[PDB]
J.: 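I have a structure I would like to understand better, so I am pasting it below and will then ask my questions one at a time.
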Amino acid sequence: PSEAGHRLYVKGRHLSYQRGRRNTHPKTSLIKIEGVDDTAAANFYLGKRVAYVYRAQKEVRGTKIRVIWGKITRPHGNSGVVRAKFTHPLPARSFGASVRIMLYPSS
Amino acid sequence: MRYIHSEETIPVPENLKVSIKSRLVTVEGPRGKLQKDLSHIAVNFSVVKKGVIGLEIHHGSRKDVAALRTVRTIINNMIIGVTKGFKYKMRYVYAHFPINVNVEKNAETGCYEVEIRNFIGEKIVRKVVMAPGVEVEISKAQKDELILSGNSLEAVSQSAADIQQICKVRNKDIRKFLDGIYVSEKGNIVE
Amino acid sequence: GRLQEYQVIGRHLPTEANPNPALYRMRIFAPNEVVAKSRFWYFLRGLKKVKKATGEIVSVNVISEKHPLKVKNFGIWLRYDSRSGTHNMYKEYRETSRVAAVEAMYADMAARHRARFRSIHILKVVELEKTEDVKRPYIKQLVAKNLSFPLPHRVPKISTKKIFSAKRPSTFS
Amino acid sequence: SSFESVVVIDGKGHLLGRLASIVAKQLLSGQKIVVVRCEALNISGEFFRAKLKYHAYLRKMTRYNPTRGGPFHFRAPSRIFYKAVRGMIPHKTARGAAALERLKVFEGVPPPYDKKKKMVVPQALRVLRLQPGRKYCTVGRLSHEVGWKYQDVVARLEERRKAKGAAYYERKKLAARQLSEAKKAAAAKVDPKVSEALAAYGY
Amino acid sequence: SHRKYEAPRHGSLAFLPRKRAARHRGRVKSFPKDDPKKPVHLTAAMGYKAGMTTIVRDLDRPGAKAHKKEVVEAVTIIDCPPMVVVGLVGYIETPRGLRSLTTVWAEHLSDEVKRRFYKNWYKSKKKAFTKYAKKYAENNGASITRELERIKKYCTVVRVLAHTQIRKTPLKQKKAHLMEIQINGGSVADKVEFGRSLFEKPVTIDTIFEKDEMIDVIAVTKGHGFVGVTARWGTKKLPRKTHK
Amino acid sequence: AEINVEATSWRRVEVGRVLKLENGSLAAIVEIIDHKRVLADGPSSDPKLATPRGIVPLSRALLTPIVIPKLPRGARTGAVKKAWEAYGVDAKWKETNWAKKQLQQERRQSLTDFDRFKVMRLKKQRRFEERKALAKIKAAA
RNA sequence: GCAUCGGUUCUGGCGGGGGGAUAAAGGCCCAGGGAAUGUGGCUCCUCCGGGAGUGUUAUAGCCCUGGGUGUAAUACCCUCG
RNA sequence: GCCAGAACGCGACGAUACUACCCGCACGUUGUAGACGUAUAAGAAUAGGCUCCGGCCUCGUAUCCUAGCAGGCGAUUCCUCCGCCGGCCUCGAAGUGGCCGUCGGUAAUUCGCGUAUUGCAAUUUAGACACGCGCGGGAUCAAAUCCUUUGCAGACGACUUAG
Ligand SMILES: [K+]
Ligand SMILES: [K+]
Ligand SMILES: [K+]
Ligand SMILES: [K+]
Ligand SMILES: [K+]
Ligand SMILES: [K+]
Ligand SMILES: [Mg+2]
Ligand SMILES: [Mg+2]
Ligand SMILES: [Mg+2]
Ligand SMILES: [Mg+2]
Ligand SMILES: [Mg+2]
Ligand SMILES: [Mg+2]
Ligand SMILES: [Mg+2]
């Protein structure tokens, strides 16, 4: 019975902040989206919502899981990387962790 | 300056067969089998006619093209040796001390061995091992003569050079002391 | 699309002792018309006693290739400067337009003789009408009869973003 | 691009430096890598040039005490490759240390990683990068000549595992031959119109 | 500037860490390389040092000055009661070196060996191999023969375990010494057959070595304490009027 | 004399060879410029297979197994068009495996969400018959 | 969170107008002139695939010079939405 | 060959009291550089290869799997696919796979009942390893240090010995 999964988002990875060679700006992050490899493909995802979910120690209001919400703003480079802004900047220990790219604001 | 097309040809007698596979050449004839590996050269083989082999190099540099004639001669010698064979001769040269040579055929390895004694009156004894497939023999037509024969020109020539290079005079004027064993004639077993 | 051939006509300013001065015409290869005019005064300064402050430009026109679909052989005469002394050369090219021939020449001189754009004078560009007028052996092999050749060891084109192939690529395309 | 749980790379025929830079970037992104057959890697240029390079490396050592601080010269083929990767990573940071924890390197193919799929990095393959006529060497030969002791042990073990693979390949060929026969017999059995609908869809 | 006159350095850097040895018993770091065409045999033994004495013999060395004349030479005496074989070990080749995968013992062990596994033997319960011995009486010792078959199939180096009978010497010590001795010989099956047939049997030194043979001796040297540079390395003494 | 040679056999660039370009178009070679460039044109009636007259770099082309016989060197567009249609280049190109692969790829990319559901269900019905047949032959060994 | 707006900015697509040799080419048609990396024929050498002569459209075609369709199309530069 | 032996490198073996050990079940008072279909084993050449021997190769742009209350309860219908156990073989590079049997589940076809109200979005609290706790069953009855002693050892610790 129903040997299928339940996935409605696209996978992504947190790479780093916006930076120069020796200066870094945490207010913006760079995200790699799986499967997109050029600027034209990345134009589809402008404006979507991004979620970063993780675990904590204690329960607050019925759970031990927390979220930080954000959105995609503009492309980056020539190879499909994009920029994003979150409500709070990401913790920077998560360089290499995974995020969820929604489809909420559609067409 | 690259050359678009360079080509050479090789005729083949009706008494033998040739096989090429992944640039590995096998020549089969009335006197034995020979093999050669040419996987370090970018060349194209083909069958031009009923009994002619073709060699091609496309878009080659001046340095690259120089190796086309080299490959042709090597394979051609392989055909000649398998159908006629090679034969080198050496001669003893001495002034005062005679040179004594003894030749024995080893049993475990099937090779030939050559021993040299009394070179400029030295007490040490010199020993050289011939390459497999090369046969040595003391001459009976004339004195102080060695005869080396075989199918591979590379094998016969390198073995003959081993004998010549082992006998040297040290700390003397070699324009005056001319003793040694030297190659004097190169030819074929047949004809 | 880097160069075009222009026609430039110039003149000395008319004076009372010489109304109606003579007119001079040159053919200039340049990326645009602003540097076409600057190149004109450079060459004329070396031949006649005229300057830009004592002359004026009469006309500028673009010369287009008459048959940019026919394969041609070209010959070029030039003069250039090395690190010590100046020399004359003659080279040959095979393409479909005069503009294409000059662009190939500029790349060729930079590669083989380290000559910059600022140290080359073009003397003459001529289309060779007869197949007997070909002199250089690297052109002669291209005008041979019944030409044909294969292409061995061709690397297939693979997207950069696709790392981690699951099979060994071939080179027999 | 694709996210995997682990990627296993067959090291035969890859150029040492180019494979090293690609592997380093994957680790910093958050991908786990395993490299096998490190003895079959390649280096461009003649062998004699590679030997002179290592000898210059060997001459460097701490003067006042050779047991501390000094460059420690590892000899195994997998440790030569590991050194090249570590130079392209900020290994003195906590982030850099975590990245190196996602990599494994081996000589030969140890039992965990046979019976598994091995990929290839075409941006670093020798037959696709090097101009024909140039010269190259193998890391396995360089290691043998600077003091690596287990070249023949690995050579004998590799022969055994290839002999087992020949038996496995024989079974795999039989299965394909039967599956093709089953599809032929079942095709003309039943499907009256499913065949044409699938063909129109491209399947 | 350069040193005024030349002189070699004092001492050798090959024996460099001048520290106390890790173990009291000597350690065999290599064995003679194996030849499968020779009969199976042992390659080492152990004994105790008694002292030195003097002998007289006539030399045989053509061309020498003392040819066919008597000479005086010093010798050393080693006390060697027989050894008892207790078990064997197997080894395999890996890309990381040799490692041992099995070892199988004998059914009965003497109190000499069992003292080696203890540091307070006088107040222990002495249960060292009590449960292992029962493996010989279960299923006709199928577990014992299973391990022997494993060595025949995978291993390529076989060694034996042997200990001294220290009660036959005038020493006050009661705890024996134990070591591994490699077997060089025909085949791996032959090595196991030979090694197991020697279980809890004495082996005499005359079956291992013979007369007019060159051998090597491994041991730990005599100990001095904290020593200064003059005696430890052999440096020149400084003048008589040197302060400090 | 016995000679057994096993080596490569490439397709040659020549006057009359038909090339395939990046965007599925076709062209015929009329003149060779260098070892890297060629003058070509394709006068095809099908708007998806036609290309203008011009120079093509050989690095962006593939050699098809089709060669127009006796195409004069340097022939103009009118002469090429006549020989193109007389030989039947369009019909020959449709029978190659390269064309069929392209057609299959186009069909799969044009599937909607409802089509994807139906192709899953249709494959299962064919798969059911496959497993029954495979079990029968394998059981009989 | 969504909808309708204001300020700034990044990025896609579509419809027109003007210029130059009133683009240059090019397809089709008319008239004249040439040759060769010489098509078909004719001759000789090999049947062993072919090669060598001869000469100007034939059973292929190519290059120059004028004219018509034609205020043709398209590229490039500028410009109104 | 010869010296040292990583005090955060590894292997084999002996005996293991204190519920320290083994098995089964059920929980979370917990941790993890970061599950969400975490699905894919030939070797070799690249100026050559694969094969069912008919043929095939730019291209993983592939193949497998994929529907039902986060996936219910019945029927029609089918003999496919999946899993826990048990028995035989097999596996040594850092030990794995295959065959068989019982049992449990199961849209390839076609239907009948149920779904609402989480109120127009808010992580889809779902995996795998470790660790802790509580039961119910089995198995087991050990050593080390101080202390006295030795001198093959020694500044003191440490070391070779005996009780
Ligand atoms: K001094
Ligand atoms: K806009
Ligand atoms: K116009
Ligand atoms: K016209
Ligand atoms: K003719
Ligand atoms: K239902
Ligand atoms: Mg002298
Ligand atoms: Mg000095
Ligand atoms: Mg004093
Ligand atoms: Mg706005
Ligand atoms: Mg007009
Ligand atoms: Mg117009
Ligand atoms: Mg240690």
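Proteins come first, then strands; the chains are lettered A, B, ... in the order of their sequence lines, and each starts at number 1. Basis for what follows: all heavy atoms, side chains included, without hydrogens, waters or symmetry-related copies.
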J.: Any donor-acceptor pair under 3.5 Å between the side chain of F:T8 and the base of H:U46?
T.: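 No, the side chain and the base share no sub-3.5 Å donor-acceptor pair.
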J.: Under the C1'-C2'-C3'-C4' criterion, what is the pucker of the sugar in H:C135: north or south?
T.: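 The sugar ring of H:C135 falls in the north range (positive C1'-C2'-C3'-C4' torsion).
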J.: How close or far is atom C1' of H:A45 from atom CZ of C:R168, stated in whole angstroms?
T.: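 It is 11 Å, rounded to the nearest whole Å.
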J.: Strictly distance-based, threshold 3.5 Å: is any side-chain N or O of B:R23 a donor or acceptor partner for the main-chain N or O of B:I41?
T.: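 Judged by distance alone, yes, a pair lies under 3.5 Å.
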J.: Under 3.5 Å, is there a donor on one side chain and an acceptor on the other for D:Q31 and A:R13?
T.: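 Yes, because at least one side-chain N or O of D:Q31 sits under 3.5 Å from a partner of the opposite role on A:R13.
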J.: Is the base of H:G86 syn or anti, if syn means a glycosidic angle within 90° of 0?
T.: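 For H:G86, whose glycosidic angle is more than 90° from 0, the conformation is anti.
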J.: In whole angstrom, give the distance that lies between atom CH2 of F:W98 and atom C1' of H:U61.
T.: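 The distance from CH2 of F:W98 to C1' of H:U61 comes to 16 Å, rounded to the nearest Å.
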J.: Taking syn as any angle within 90 degrees of 0 and anti as the rest, which one fits H:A35?
T.: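 Syn for H:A35; the angle stays within 90° of 0.
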J.: Aromatic ring centroids of A:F95 and A:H14 under 6.0 Å?
T.: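 Yes, ring centres under 6.0 Å apart.
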J.: Are H:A44 and H:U123 a base pair, Watson-Crick or G-U wobble, with both contacts under 3.5 Å?
T.: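 No.
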J.: Give E:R23 one of three labels, base, sugar-phosphate or nothing, depending on what nucleic acid heavy atoms sit under 4.0 Å from its own.
T.: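 No contact at all - E:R23 keeps every heavy atom at 4.0 Å or more from the nucleic acid.
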J.: With both distances required to be under 3.5 Å, indicate if H:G101 and H:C85 make a Watson-Crick or G-U pair.
T.: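 WC or G-U pairing between H:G101 and H:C85: yes.
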